[PDB]
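Participant: what shape does this take:
(chains A, B and C)
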Amino acid sequence: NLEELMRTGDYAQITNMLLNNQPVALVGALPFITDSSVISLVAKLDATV
Amino acid sequence: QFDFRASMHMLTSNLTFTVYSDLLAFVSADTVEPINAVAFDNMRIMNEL
Amino acid sequence: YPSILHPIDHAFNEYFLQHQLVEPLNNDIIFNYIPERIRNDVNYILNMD
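Facilitator: Numbering: from 1, shown residues only, chains lettered A, B, ... in the order given. The structure is reproduced below:
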């Protein structure tokens, strides 16, 4: 839960999951970029953010 | 009398190290928003909001 | 290193070499240096960057 994370400021769990490539769903109202580029998808840019 | 055999020693030490004093300077320390600060009982310190 | 010392001078310098006050410093020692009740308060976020 991103709201709980922003409220508590405790990033240990998300840091561990990201460093270990542990699949996760970050839940919360988020802005997103729209990218129509096939090359950007093949470059796997969505995994770099 | 000076005697070379009785005066020659091998002194041993570390090659190099760095001594530090301010241990807490190595700690990044943040706090939650005070509106969200809780007491020992995990409820907000001030709840009248 | 080789040194030439009087036996008394050697005793003093050997004592200094053998009884230094510097201990190895790592993140665990710094983290434990933080008071325990502050390491457990969720109002404070502590990190070792």
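
Participant: which bits of chain B sit near chain C?
Facilitator: Counting by C-beta under 8 Å from any C-beta of the partner chain, chain B comes close to chain C at B:4, B:6-13, B:17, B:19-20, B:23-24, B:26-32, B:37-38, B:42. Where you see a C-beta, it was placed from the backbone N, CA and C, and this is true even at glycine.

Participant: buried members of those into ChimeraX, please.
Facilitator: Per 16 or more other C-beta atoms under 10 Å in any protein chain shown, the buried members of those correspond to this ChimeraX selection:
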select /B:9,27,32
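
Participant: tell me which element residue A:6 falls in.
Facilitator: helix A:2-8 (DSSP states H and E).

Participant: buried stuff in that helix?
Facilitator: Taking 16+ other C-beta under 10 Å as the criterion, helix A:2-8 shows none as buried.

Participant: quick one: list the elements packing against it.
Facilitator: With contacts taken as 3 or more C-beta pairs under 8 Å, 6 or more residues apart in numbering or on different chains; DSSP states H and E, helix A:2-8 sits against no other helix or strand.

Participant: outside of the helix or strand just after it, which residues touch it?
Facilitator: Heading C-terminal from helix A:2-8, the first helix or strand you meet, by DSSP H and E, is helix A:12-19. Contacts of helix A:12-19 from elsewhere in the structure, counted by C-beta atoms under 8 Å, 6 or more residues apart in numbering or on different chains, are A:5, A:22, A:24, A:26.

Participant: residue 16: how many residues sit nearby?
Facilitator: Let's take chain A. Neighbourhood size, residue A:16 [other C-beta atoms under 10 Å in any protein chain shown]: 10.

Participant: looking at chain C here, not the other one
Facilitator: 11.

Participant: quick one: secondary structure of it?
Facilitator: helix (DSSP: H, G, I helix; E, B strand; the rest coil).

Participant: any idea how far it is from residue C:44?
Facilitator: Using C-beta to C-beta, to the nearest Å, residue C:16 is found at 41 Å from residue C:44.

Participant: for residue A:48, same thing?
Facilitator: 32 Å.

Participant: out of the two, which sits in the more crowded spot?
Facilitator: Comparing residue A:48 with residue C:44 by other C-beta under 10 Å, the one with more neighbours is residue C:44, at 16 against 6.

Participant: so who does that one touch?
Facilitator: Counted by C-beta under 8 Å, 6+ apart, residue C:44 has contacts B:29, B:30, B:31, B:32, C:38.

Participant: before I go, just wanted to say thanks for your time.
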